[PDB]
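In the authors' numbering, the protein residues as written are 1 to 114.
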Amino acid sequence: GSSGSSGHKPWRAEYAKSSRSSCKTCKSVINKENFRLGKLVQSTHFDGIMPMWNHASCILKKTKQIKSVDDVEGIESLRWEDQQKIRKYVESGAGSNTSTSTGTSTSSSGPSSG
Ligand SMILES: [Zn+2]
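1) Could you pull the DSSP bridge partners for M52 from this structure?
2) Terminal residues of the continuous alpha helix (DSSP H) containing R87?
3) Can you tell which of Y15, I59, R79 has its C-alpha closest to the C-alpha of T25?
4) Can you find a heavy atom of ligand 1 that lies under 6 angstroms from the Cβ of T25?
5) Relative to the alpha-carbon of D71, which residue among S2, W11, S96 has its alpha-carbon at the smallest distance?
6) Relative to ligand 1, is the shortest distance from any of its heavy atoms to the C-beta of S18 smaller than 6 angstroms?
7) Figure out for me which residue from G1, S57, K61 has the closest Cα to the Cα of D47.
8) If we count Cβ pairs, one from each stretch, closer than 8 angstroms, do we get three or more for the segment 62 to 76 versus the segment 91 to 109?
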């Protein structure tokens, strides 16, 4: 795919228009009409960006994920309650019950089929 829009937000916000995608944090299906989050990670090799699809609640529960609501794209399209989950997460100490962990464990990361 071709494009030309300098600058790209790390996180994305938009209601899933399908139920084919499956979260990575919980490894479940993301039914359409739901608020999810996609962690865009640029690569050095030649390959279409891989948006890490994860329930908006699967990420917010984690720590050191989002810096500010400004980093989230399309966040203005999300429902009020949803938009709050972001700002109310980036402003306040990410995570609850002081539950902080270094990223996520490794799961056969490599030969992943698909
Ligand atoms: Zn999930």
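We put the beta carbon where it would ideally sit given N, CA and C, even for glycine.
On the basis of the coordinates in this document:
1) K39
2) 80 to 90 is the extent of the alpha helix (DSSP H) around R87.
3) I59
4) yes
5) With respect to the C-alpha of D71, the residue from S2, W11, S96 having the closest C-alpha is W11.
6) no
7) Selected option, being the one with the closest Cα: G1.
8) yes
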